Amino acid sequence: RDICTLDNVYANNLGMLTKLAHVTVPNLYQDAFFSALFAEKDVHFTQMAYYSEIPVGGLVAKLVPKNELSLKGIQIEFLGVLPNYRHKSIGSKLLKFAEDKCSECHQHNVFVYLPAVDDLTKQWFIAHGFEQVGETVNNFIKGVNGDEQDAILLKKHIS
């Protein structure tokens, strides 16, 4: 089939998704965050991207049901591809899964917080139809190293 495919993440290959997140977005995720994904009320969607059967990227998104302004819907919590496999539509395929889940859940918003300094990534979401919402969010991102930084919020409307 297509050389790039998506498939499910299970408890057994959760560590694969954790490794992908650690090499593509260092110092943001507590390993607990990954562990909470498969421990038996908030709903997550997870997915791995394979290139010729190699896991090279992944996605963690969250259904946010409700008080809340227009940042209800699907939150993208992780979306990352290994550097050497970029620019092959794999990130677009993962984002599209997220967007599609939004509509399956009859929601109309997909959003993501990014580091305010990460210009390149912001431009990539904007090329995919996202828009910045308001301005920089004061010290929103706590690092594993206790560091902090400002986030921006981006949003995209789904019919």
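Each residue number is its position in the shown sequence, starting from 1.
J.: Does the deposited sequence hold unmodelled residues between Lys66 and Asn67, and if so, how many: none, 1 to 3, 4 to 9, or 10 or more?
T.: Unmodelled stretch: 1 to 3 residues, a short break.
J.: According to the deposited model, is the average Cα temperature factor higher in 124 to 132 or in 28 to 36?
T.: Of 28 to 36 and 124 to 132, the stretch with the higher C-alpha B-factor average is 28 to 36.
J.: Tell me which stretch has the larger mean Cα B-factor in this entry, 138 to 146 or 13 to 21.
T.: Taking the mean B-factor of the alpha carbons in each, 138 to 146 is higher.
J.: Where does the C-alpha B-factor of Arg86 rank in its chain, lowest, middle or highest third?
T.: CA B-factor rank for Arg86: lowest third.
J.: Please say which third, lowest, middle or highest, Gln107 falls into when its CA temperature factor is compared across its chain.
T.: For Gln107, the deposited C-alpha B-factor lands in the middle third.
J.: Looking at the entry's B-factor column for C-alpha atoms only, identify whether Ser159 ranks in the lowest, middle or highest third of its chain.
T.: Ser159: CA B-factor falls in the highest third of its chain.
J.: Within this chain's modelled residues, let me know which third the CA B factor of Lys62 belongs to: lowest, middle or highest.
T.: Middle third by C-alpha B-factor.
J.: Per the entry's values, where does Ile74 land by CA temperature factor relative to the rest of its chain, in the lowest, middle or highest third?
T.: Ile74: CA B-factor falls in the middle third of its chain.
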